[PDB]
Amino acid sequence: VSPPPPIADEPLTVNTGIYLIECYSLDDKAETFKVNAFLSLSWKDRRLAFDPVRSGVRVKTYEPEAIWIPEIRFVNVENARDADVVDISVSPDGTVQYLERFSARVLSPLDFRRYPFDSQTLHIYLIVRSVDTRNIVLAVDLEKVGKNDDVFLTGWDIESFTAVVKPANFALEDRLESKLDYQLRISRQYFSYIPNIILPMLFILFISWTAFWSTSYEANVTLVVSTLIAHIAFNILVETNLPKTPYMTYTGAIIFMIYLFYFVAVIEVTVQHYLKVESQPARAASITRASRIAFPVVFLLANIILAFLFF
């Protein structure tokens, strides 16, 4: 078994199609996702042509090892791909129709800058190395590129599954490569993040600000230190769900900024008490009275600025 010869010097066009059956396990930390799909290949092998009449059939079936199959590989698969062939059909002129059912753990990077409001473009790269006799080029048969209606990704909205029709042509180890880009467009379902992380995080911060309506140092220290600890718990919880990025994520920025607010509240609480002990509650009163407006205003403005910078 060896590649089909070119009539002229033409390259061999393998028509591809990925049809998603299942989407699952989008792992944020690992930047991987698992897929269950149909891979369809179609090419011209003249050596396998036949006359419909003298055969008694309009189409012929084959076993994988009986005929030449192009070595289509996945560029970005974590766990060594396992594939079982479902059908091989040969039409009169020698057109092969390959159909396999595969499943792989695809590794595609994610952009966490707008987390948890972010949207992602997942990739599946098909590749084919050209052989000694002739060159192999990939093409997309848009007719066999889809995803079923049932397909759901847990915690994500599946927008589209398209393929970049023009393959990327290049050389690797003095050999011609044909690479294709299948793109899964998804957007994160941020709903749950609101009552589970964002709102509890805001509540504990507002609770900390009640120290602005209290003259009790011992109570203020308990209010501010306690809420700060609860904020550390939320910070830790958030950072366990995410990988370590070389940039600031939106949630990350908000969380980091809230530390500054706790820190300044501590300073204020400290200052107010210090002045009170030094017998000048009048200066302490005015700093506390300002704080009651200042913190909410500055917090709100800081957030407006951040949202602007990030969106």
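One rule holds for the numbers: they count along the sequence shown, beginning at 1.
Comparing 146-154 with 102-110, which stretch shows the greater average C-alpha B-factor in the deposited entry? Looking at the recorded C-alpha B-factors, 146-154 comes out higher on average.
Where do the C-alpha atoms have the higher mean temperature factor in this entry, in 197-205 or in 168-176? Higher of the two, by average CA B-factor, is 168-176.
Between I258, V59, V269, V277, which carries the biggest CA temperature factor in the record? Top of the list by C-alpha B-factor: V59.
Among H273, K29, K34, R46, single out the one with the highest C-alpha B factor in the record, please. Result of the comparison over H273, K29, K34, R46: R46.
Can you tell me whether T13 has a C-alpha B-factor in the lowest, middle or highest third compared with the other modelled residues of the same chain? Within its chain, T13 is a highest-third residue by C-alpha B-factor, going by the deposited values.
When the deposited Cα B-factors of this chain's modelled residues are ordered and cut into thirds, is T251 in the lowest, the middle or the highest one? CA B-factor rank for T251: lowest third.
B-factor third for the C-alpha atom of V298 within its chain: Middle third by C-alpha B-factor.
Rank-wise, by C-alpha B-factor, drop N220 into the lowest, middle or highest third of its chain. Bottom third by C-alpha B-factor.
Lowest, middle or highest third: where is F263 by C-alpha B factor in its chain? It belongs to the lowest third of the chain when residues are ordered by C-alpha B-factor.
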